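J.: Got a structure for you, written out below as structure tokens; questions coming shortly.
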2 protein chains.
Amino acid sequence: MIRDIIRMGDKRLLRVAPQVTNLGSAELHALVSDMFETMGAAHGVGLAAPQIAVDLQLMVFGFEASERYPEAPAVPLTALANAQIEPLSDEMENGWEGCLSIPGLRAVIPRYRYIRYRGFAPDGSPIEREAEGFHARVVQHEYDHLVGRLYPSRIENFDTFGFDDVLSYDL
Amino acid sequence: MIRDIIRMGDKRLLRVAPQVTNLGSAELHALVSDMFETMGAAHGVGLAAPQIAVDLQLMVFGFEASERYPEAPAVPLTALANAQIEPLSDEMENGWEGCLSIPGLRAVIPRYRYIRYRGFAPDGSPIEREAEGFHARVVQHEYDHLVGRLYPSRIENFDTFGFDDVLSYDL
Ligand SMILES: FC(F)c1nc2ccccc2[nH]1
Ligand SMILES: FC(F)c1nc2ccccc2[nH]1
Ligand code: NA
Ligand code: NA
């Protein structure tokens, strides 16, 4: 089932989400399957549970081909609960992000180039990966939703923030 | 004539505009008359020349009744060239702003409660006023366009930035 994506300004995107405690259940699997489905209809690359007004530490992400980022390499289709993230280095890198909760807009945002992330697949097996570049950016961005944080509060150069069909900033 | 309002992301909103040097002319009066007209069709309270892709230190503003700010007091209908602004005190005050170049969105923004502003009416007589509260906020906000600055770069609390029809932050 496709769920409404709530838009920036809803208080529900501003909460600290509690942990997922129903790993391996049929309710989690249905909620995850709804998320991939919702992500896909909106042509997302990442979607976090609080974006559909579900207060949980859960995110889906990944794709082969992105309509929005035709230059990005495949990121594996992933559902991750109870995400924890550690930078593997201090190197930052700028890149364009948008967000299905902030339709029409984008900005350049600095993110760690290299991370490890850990948590659980919805069946409850542990997931643990090193990620870099766009894969890492997607995960950091979706994690931010689980702590009530959207990308505008991370913009350093406001010249790069604008509507997607009007911008000609060259990164 | 109603002119297109260019949207955030256009480089033309990011320039430092030169001064108006055709005070009292028929070209300025036509451009000003276009601005009030454009402001009015979009239900604006302020419009700055760079918002219609005109690179000049010129802004129009004011209204009796605002559809957008039904709680605001009348601000006189004003066209101002070569605006210069000085705070009359250090007191800041938060208030909701939006912007016709960033449709659909609003945020709370701190501004000086008290200013003086000076410049010229389009006929070239000097204008010099003390302003406070919403009147002062409008003028400071439009001035920012004349230096290539939009309101997101002024937001301090990103919880208050969201779409107009979804927000329930209580100022
Ligand atoms: F525009 C949206 F499709 C969107 N969602 C994202 C999630 C992470 C990084 C970039 C993103 N862009
Ligand atoms: F939403 C728009 F109509 C708009 N334009 C503005 C100009 C100054 C202050 C607040 C404003 N809000
Ligand atoms: Na919060
Ligand atoms: Na600039």
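Ordering of the structure tokens sets the chain letters (A, B, ...); residue numbers start at 1 within each chain; ligands are numbered from 1 in the order shown.
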I'd like the neighbourhood of residue 163 of chain B as a count of residues only, where a residue qualifies if any of its atoms comes within 8 Å (using only C-alpha atoms), though same-chain residues fewer than 2 positions away should be ignored.

T.: 10

J.: Taking only C-alpha atoms into account, which residues of chain B are within 12 Å of chain A, as a ChimeraX atom specification?

T.: /B:6-15,101-108,148-170

J.: For the selection just defined, write its residues with C-alpha atoms to a file, as a JSON list (two decimals), in the first residue's frame.

T.:
[["chain", "number", "residue", "atom", "x", "y", "z"],
["B", 6, "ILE", "CA", 11.86, 34.33, -11.01],
["B", 7, "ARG", "CA", 12.22, 31.51, -8.40],
["B", 8, "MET", "CA", 14.98, 30.69, -5.84],
["B", 9, "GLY", "CA", 17.86, 28.97, -7.67],
["B", 10, "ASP", "CA", 18.01, 31.60, -10.44],
["B", 11, "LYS", "CA", 21.46, 33.27, -10.28],
["B", 12, "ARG", "CA", 19.80, 36.59, -10.87],
["B", 13, "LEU", "CA", 18.45, 36.69, -7.24],
["B", 14, "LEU", "CA", 22.05, 36.27, -5.98],
["B", 15, "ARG", "CA", 23.59, 39.52, -7.44],
["B", 101, "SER", "CA", 10.35, 33.51, -5.30],
["B", 102, "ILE", "CA", 10.03, 30.56, -2.82],
["B", 103, "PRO", "CA", 6.27, 29.64, -3.29],
["B", 104, "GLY", "CA", 4.53, 27.39, -0.77],
["B", 105, "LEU", "CA", 7.04, 27.83, 2.11],
["B", 106, "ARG", "CA", 7.59, 29.99, 5.18],
["B", 107, "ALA", "CA", 9.88, 30.27, 8.22],
["B", 108, "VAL", "CA", 10.30, 32.33, 11.34],
["B", 148, "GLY", "CA", 21.56, 38.74, -3.23],
["B", 149, "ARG", "CA", 20.22, 37.32, 0.00],
["B", 150, "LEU", "CA", 17.04, 35.26, 0.60],
["B", 151, "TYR", "CA", 15.41, 34.42, 3.99],
["B", 152, "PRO", "CA", 16.53, 30.75, 4.35],
["B", 153, "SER", "CA", 20.11, 31.95, 5.02],
["B", 154, "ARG", "CA", 18.61, 33.88, 7.93],
["B", 155, "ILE", "CA", 16.58, 31.04, 9.63],
["B", 156, "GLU", "CA", 17.91, 30.15, 13.12],
["B", 157, "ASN", "CA", 15.33, 27.57, 14.09],
["B", 158, "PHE", "CA", 14.80, 25.07, 11.25],
["B", 159, "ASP", "CA", 11.75, 23.56, 13.08],
["B", 160, "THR", "CA", 9.78, 26.58, 11.84],
["B", 161, "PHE", "CA", 10.69, 26.16, 8.13],
["B", 162, "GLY", "CA", 8.04, 24.21, 6.19],
["B", 163, "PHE", "CA", 5.15, 24.39, 3.76],
["B", 164, "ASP", "CA", 2.49, 26.95, 4.53],
["B", 165, "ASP", "CA", -0.49, 24.54, 4.52],
["B", 166, "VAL", "CA", 1.16, 21.95, 6.84],
["B", 167, "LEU", "CA", 2.93, 24.13, 9.49],
["B", 168, "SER", "CA", 1.54, 24.33, 13.09],
["B", 169, "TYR", "CA", 4.51, 26.00, 14.86],
["B", 170, "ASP", "CA", 3.05, 28.50, 17.30]]

J.: Need the shell around residue 24 of chain A: protein/DNA/RNA residues with any atom at most 6 Å away, counting only C-alpha atoms. Skip same-chain ones fewer than 4 positions apart. Format as a ChimeraX atom specification?

T.: /A:122-124

J.: The selected residues should be written to file as a tab-separated table (two decimals), in the first residue's frame (atoms: N, CA, C and O atoms).

T.:
chain	number	residue	atom	x	y	z
A	122	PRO	N	14.81	-6.36	8.18
A	122	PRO	CA	13.52	-6.64	8.82
A	122	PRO	C	13.33	-8.09	9.31
A	122	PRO	O	12.50	-8.31	10.17
A	123	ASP	N	14.03	-9.07	8.76
A	123	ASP	CA	13.93	-10.44	9.30
A	123	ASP	C	14.77	-10.56	10.60
A	123	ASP	O	14.84	-11.63	11.22
A	124	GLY	N	15.47	-9.50	10.96
A	124	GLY	CA	16.29	-9.54	12.14
A	124	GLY	C	17.73	-9.97	11.97
A	124	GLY	O	18.49	-9.93	12.93

J.: Taking the DSSP secondary structure from the backbone, can you list the residues of chain B that are strand (DSSP E or B), as a PyMOL selection string?

T.: chain B and resi 46-48+58-63+75-87+92-97+105-112+114-120+126-132+162-163

J.: As a ChimeraX atom specification, please: every residue in chain A that a backbone DSSP assignment puts in alpha helix (DSSP H).

T.: /A:26-41,133-146

J.: Restricted to N, CA, C and O atoms, what would the selected residues look like written as a compact mmCIF listing (two decimals), in the first residue's frame?

T.:
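And here is the file that came out, again_16.txt:
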# COMPACT_ATOMS: atom_id res chain seq x y z
N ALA A 26 5.28 -9.94 10.96
CA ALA A 26 4.50 -9.73 9.77
C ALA A 26 4.10 -8.23 9.63
O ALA A 26 3.87 -7.78 8.53
N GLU A 27 3.97 -7.51 10.74
CA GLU A 27 3.65 -6.08 10.75
C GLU A 27 4.86 -5.26 10.22
O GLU A 27 4.71 -4.41 9.36
N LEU A 28 6.06 -5.55 10.69
CA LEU A 28 7.20 -4.90 10.17
C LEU A 28 7.32 -5.20 8.64
O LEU A 28 7.56 -4.25 7.85
N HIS A 29 7.18 -6.47 8.23
CA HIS A 29 7.41 -6.81 6.83
C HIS A 29 6.36 -6.01 5.98
O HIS A 29 6.71 -5.47 4.95
N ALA A 30 5.12 -5.89 6.45
CA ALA A 30 4.13 -5.15 5.70
C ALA A 30 4.48 -3.68 5.64
O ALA A 30 4.20 -3.03 4.66
N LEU A 31 5.03 -3.13 6.73
CA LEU A 31 5.33 -1.70 6.80
C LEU A 31 6.54 -1.43 5.83
O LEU A 31 6.53 -0.44 5.11
N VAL A 32 7.51 -2.33 5.82
CA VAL A 32 8.67 -2.22 4.96
C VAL A 32 8.26 -2.29 3.50
O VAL A 32 8.78 -1.55 2.70
N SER A 33 7.32 -3.16 3.18
CA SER A 33 6.89 -3.43 1.83
C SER A 33 6.10 -2.19 1.33
O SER A 33 6.24 -1.75 0.20
N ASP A 34 5.29 -1.62 2.20
CA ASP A 34 4.68 -0.31 1.99
C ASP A 34 5.73 0.81 1.70
O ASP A 34 5.52 1.66 0.82
N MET A 35 6.84 0.83 2.45
CA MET A 35 7.87 1.84 2.29
C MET A 35 8.55 1.73 0.92
O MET A 35 8.69 2.74 0.24
N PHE A 36 8.91 0.54 0.49
CA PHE A 36 9.56 0.38 -0.81
C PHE A 36 8.58 0.81 -1.93
O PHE A 36 8.95 1.43 -2.93
N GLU A 37 7.33 0.43 -1.73
CA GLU A 37 6.33 0.74 -2.64
C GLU A 37 6.09 2.27 -2.77
O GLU A 37 5.93 2.79 -3.89
N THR A 38 6.00 2.95 -1.62
CA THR A 38 5.89 4.39 -1.52
C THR A 38 7.14 5.05 -2.09
O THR A 38 7.06 6.03 -2.79
N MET A 39 8.31 4.50 -1.81
CA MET A 39 9.53 5.09 -2.29
C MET A 39 9.48 5.09 -3.80
O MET A 39 9.82 6.12 -4.44
N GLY A 40 9.06 3.95 -4.36
CA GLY A 40 9.14 3.67 -5.80
C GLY A 40 8.18 4.58 -6.58
O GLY A 40 8.56 5.04 -7.62
N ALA A 41 6.95 4.81 -6.07
CA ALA A 41 5.91 5.57 -6.78
C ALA A 41 6.33 7.03 -6.88
O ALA A 41 5.91 7.74 -7.82
N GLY A 133 30.69 7.87 -0.82
CA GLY A 133 30.02 8.64 -1.87
C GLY A 133 28.49 8.61 -1.75
O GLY A 133 27.93 8.84 -0.64
N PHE A 134 27.80 8.36 -2.87
CA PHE A 134 26.34 8.54 -2.89
C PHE A 134 25.59 7.56 -1.92
O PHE A 134 24.68 7.97 -1.18
N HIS A 135 26.05 6.30 -1.88
CA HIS A 135 25.51 5.27 -1.00
C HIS A 135 25.56 5.79 0.44
O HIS A 135 24.53 5.83 1.16
N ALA A 136 26.72 6.24 0.85
CA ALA A 136 26.91 6.84 2.18
C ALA A 136 26.07 8.08 2.44
O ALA A 136 25.53 8.28 3.57
N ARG A 137 25.92 8.91 1.42
CA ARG A 137 25.13 10.14 1.53
C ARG A 137 23.65 9.80 1.78
O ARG A 137 22.94 10.42 2.60
N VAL A 138 23.16 8.83 0.98
CA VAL A 138 21.76 8.43 1.14
C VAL A 138 21.49 7.96 2.56
O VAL A 138 20.55 8.45 3.22
N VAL A 139 22.33 7.04 3.06
CA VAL A 139 22.17 6.56 4.41
C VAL A 139 22.27 7.67 5.49
O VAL A 139 21.35 7.80 6.32
N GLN A 140 23.30 8.53 5.45
CA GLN A 140 23.34 9.68 6.34
C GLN A 140 22.10 10.59 6.30
O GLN A 140 21.62 11.08 7.32
N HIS A 141 21.61 10.86 5.11
CA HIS A 141 20.42 11.69 4.92
C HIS A 141 19.17 11.03 5.54
O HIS A 141 18.33 11.73 6.15
N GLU A 142 19.01 9.72 5.33
CA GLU A 142 17.82 9.04 5.87
C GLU A 142 17.97 8.92 7.38
O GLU A 142 17.02 9.09 8.08
N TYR A 143 19.19 8.70 7.87
CA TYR A 143 19.41 8.64 9.30
C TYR A 143 18.94 9.93 9.97
O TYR A 143 18.30 9.89 11.05
N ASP A 144 19.27 11.08 9.33
CA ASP A 144 18.90 12.38 9.87
C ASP A 144 17.41 12.43 10.13
O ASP A 144 16.98 13.03 11.10
N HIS A 145 16.58 11.88 9.26
CA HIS A 145 15.12 11.87 9.58
C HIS A 145 14.80 11.18 10.88
O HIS A 145 13.82 11.54 11.50
N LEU A 146 15.57 10.15 11.23
CA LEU A 146 15.28 9.33 12.45
C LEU A 146 15.59 10.11 13.72
O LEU A 146 15.22 9.66 14.84

J.: What does the structure give for the distance between atom CA of residue 20 of chain A and atom CA of residue 55 of chain A, in Å to one decimal?

T.: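 If I compute the distance from atom CA of residue 20 of chain A to atom CA of residue 55 of chain A, I get 9.3 Å.
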
J.: In terms of the shortest atom-to-atom distance over only C-alpha atoms and all ligand atoms, which of A:171, A:43, A:68, A:17 is closest to ligand 3?

T.: A:17

J.: Quick one: residues within 7 Å of residue 63 of chain B, only C-alpha atoms counted, chain neighbours fewer than 4 positions away excluded, as a list in words?

T.: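 Here the qualifying residues turn out to be residues 45, 74, 75, 76 and 77 of chain B.
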
J.: Excluding residue 115 of chain B and its own-chain neighbours fewer than 3 positions away, which residues fall within 6 Å of it when counting only C-alpha atoms? Please give them as a PyMOL selection string.

T.: chain B and resi 86-88+130-131

J.: Create the file for the chosen residues now, containing N, CA, C and O atoms and written as a PDB file, in the first residue's frame.

T.:
ATOM      1  N   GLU B  86      19.404  51.341   8.563  1.00  0.00           N
ATOM      2  CA  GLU B  86      20.108  51.408   9.838  1.00  0.00           C
ATOM      3  C   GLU B  86      19.144  50.956  10.939  1.00  0.00           C
ATOM      4  O   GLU B  86      18.001  51.444  11.047  1.00  0.00           O
ATOM      5  N   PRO B  87      19.574  49.987  11.751  1.00  0.00           N
ATOM      6  CA  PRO B  87      18.803  49.619  12.952  1.00  0.00           C
ATOM      7  C   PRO B  87      18.743  50.817  13.920  1.00  0.00           C
ATOM      8  O   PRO B  87      19.752  51.449  14.121  1.00  0.00           O
ATOM      9  N   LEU B  88      17.571  51.135  14.460  1.00  0.00           N
ATOM     10  CA  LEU B  88      17.488  52.130  15.523  1.00  0.00           C
ATOM     11  C   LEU B  88      17.731  51.545  16.943  1.00  0.00           C
ATOM     12  O   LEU B  88      17.741  52.277  17.945  1.00  0.00           O
ATOM     13  N   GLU B 130      11.141  56.122   9.821  1.00  0.00           N
ATOM     14  CA  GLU B 130      11.363  55.157  10.888  1.00  0.00           C
ATOM     15  C   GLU B 130      10.244  54.139  10.814  1.00  0.00           C
ATOM     16  O   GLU B 130       9.087  54.518  10.583  1.00  0.00           O
ATOM     17  N   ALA B 131      10.612  52.854  10.935  1.00  0.00           N
ATOM     18  CA  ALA B 131       9.645  51.797  10.811  1.00  0.00           C
ATOM     19  C   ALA B 131       9.843  50.782  11.947  1.00  0.00           C
ATOM     20  O   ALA B 131      10.915  50.680  12.550  1.00  0.00           O
TER      21      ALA B 131
END

J.: Need the shell around residue 121 of chain B: protein/DNA/RNA residues with any atom at most 12 Å away, counting only C-alpha atoms. Skip same-chain ones fewer than 3 positions apart. Format as a list in words?

T.: residues 20, 22, 23, 24, 25, 28, 29, 32, 57, 58, 59, 60, 77, 78, 79, 80, 81, 82, 83, 118, 124, 125, 126, 127 and 128 of chain B

J.: Save out the residues we just selected, N, CA and C atoms, as a compact mmCIF listing (two decimals), in the first residue's frame.

T.:
# COMPACT_ATOMS: atom_id res chain seq x y z
N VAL B 20 19.72 52.90 -8.80
CA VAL B 20 18.84 53.45 -9.78
C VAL B 20 19.40 54.87 -10.10
N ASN B 22 17.90 56.64 -12.96
CA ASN B 22 16.90 57.29 -13.79
C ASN B 22 15.69 57.78 -13.01
N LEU B 23 15.90 58.27 -11.80
CA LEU B 23 14.82 58.89 -11.07
C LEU B 23 14.10 59.96 -11.89
N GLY B 24 12.75 59.99 -11.82
CA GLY B 24 11.89 60.96 -12.52
C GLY B 24 11.66 60.55 -13.96
N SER B 25 12.23 59.43 -14.40
CA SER B 25 11.99 59.11 -15.79
C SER B 25 10.70 58.33 -16.06
N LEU B 28 11.57 54.37 -15.45
CA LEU B 28 11.43 53.99 -14.09
C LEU B 28 9.93 53.92 -13.72
N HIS B 29 9.13 54.94 -14.07
CA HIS B 29 7.74 54.97 -13.63
C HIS B 29 7.03 53.70 -14.22
N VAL B 32 8.17 50.63 -12.18
CA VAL B 32 7.56 50.67 -10.87
C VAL B 32 6.11 50.24 -10.94
N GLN B 57 18.48 48.61 -7.59
CA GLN B 57 18.19 48.86 -6.18
C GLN B 57 16.80 49.47 -6.06
N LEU B 58 15.77 48.67 -6.28
CA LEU B 58 14.42 49.20 -6.25
C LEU B 58 13.44 48.14 -5.66
N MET B 59 12.48 48.59 -4.90
CA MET B 59 11.55 47.64 -4.30
C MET B 59 10.21 48.37 -4.22
N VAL B 60 9.12 47.61 -4.30
CA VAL B 60 7.82 48.18 -3.93
C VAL B 60 7.30 47.37 -2.76
N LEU B 77 1.57 52.12 0.70
CA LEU B 77 2.03 51.69 -0.63
C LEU B 77 3.28 52.50 -1.00
N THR B 78 4.43 51.83 -1.16
CA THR B 78 5.68 52.59 -1.29
C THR B 78 6.55 52.01 -2.40
N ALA B 79 7.14 52.90 -3.21
CA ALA B 79 8.18 52.48 -4.17
C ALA B 79 9.47 53.17 -3.69
N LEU B 80 10.55 52.42 -3.49
CA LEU B 80 11.77 52.98 -2.92
C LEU B 80 12.97 52.54 -3.71
N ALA B 81 13.74 53.55 -4.16
CA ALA B 81 15.01 53.34 -4.91
C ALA B 81 16.18 53.64 -3.97
N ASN B 82 17.28 52.90 -4.17
CA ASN B 82 18.56 53.19 -3.52
C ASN B 82 18.43 53.15 -2.00
N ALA B 83 17.59 52.22 -1.54
CA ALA B 83 17.35 51.96 -0.11
C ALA B 83 18.62 51.82 0.71
N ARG B 118 16.02 55.04 4.20
CA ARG B 118 16.14 56.24 3.33
C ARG B 118 16.40 55.79 1.88
N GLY B 124 11.96 60.94 -7.64
CA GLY B 124 13.18 61.53 -7.15
C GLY B 124 13.09 62.32 -5.86
N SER B 125 11.92 62.47 -5.25
CA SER B 125 12.01 63.08 -3.93
C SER B 125 12.55 62.11 -2.92
N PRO B 126 13.32 62.63 -1.96
CA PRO B 126 13.90 61.79 -0.90
C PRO B 126 12.79 61.21 -0.01
N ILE B 127 12.96 59.95 0.40
CA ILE B 127 12.09 59.30 1.37
C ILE B 127 13.02 58.91 2.54
N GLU B 128 12.49 59.05 3.75
CA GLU B 128 13.22 58.82 4.97
C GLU B 128 12.20 58.48 6.04

J.: So the first atom is atom CA of residue 71 of chain B and the second is atom CA of residue 96 of chain B; what is the distance between them in Å, to one decimal place?

T.: 11.5 Å

J.: May I ask for the distance between atom CA of residue 64 of chain B and atom CA of residue 99 of chain B, given in Å to one decimal place?

T.: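 Calculated distance between atom CA of residue 64 of chain B and atom CA of residue 99 of chain B is 18.6 Å.
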
J.: May I have the residues within 7 Å of residue 110 of chain A as an mmCIF file with N, CA, C and O atoms, in the first residue's frame, using only C-alpha atoms and disregarding those fewer than 3 positions away in the same chain?

T.:
data_model
loop_
_atom_site.group_PDB
_atom_site.id
_atom_site.type_symbol
_atom_site.label_atom_id
_atom_site.label_comp_id
_atom_site.auth_asym_id
_atom_site.auth_seq_id
_atom_site.Cartn_x
_atom_site.Cartn_y
_atom_site.Cartn_z
ATOM 1 N N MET A 92 34.942 15.291 4.191
ATOM 2 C CA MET A 92 33.607 15.703 3.796
ATOM 3 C C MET A 92 33.542 15.770 2.267
ATOM 4 O O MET A 92 34.574 15.936 1.592
ATOM 5 N N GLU A 93 32.343 15.647 1.709
ATOM 6 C CA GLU A 93 32.187 15.846 0.287
ATOM 7 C C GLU A 93 30.822 16.474 -0.027
ATOM 8 O O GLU A 93 29.779 16.085 0.562
ATOM 9 N N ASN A 94 30.818 17.461 -0.923
ATOM 10 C CA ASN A 94 29.582 18.115 -1.268
ATOM 11 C C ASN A 94 28.893 17.341 -2.366
ATOM 12 O O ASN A 94 29.554 16.735 -3.233
ATOM 13 N N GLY A 95 27.560 17.379 -2.350
ATOM 14 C CA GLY A 95 26.748 16.710 -3.339
ATOM 15 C C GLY A 95 25.337 17.244 -3.245
ATOM 16 O O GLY A 95 24.953 17.803 -2.197
#

J.: So, counting only C-alpha atoms and all ligand atoms, which residue among B:67, B:4, B:91, B:132 is closest to ligand 2?

T.: B:67
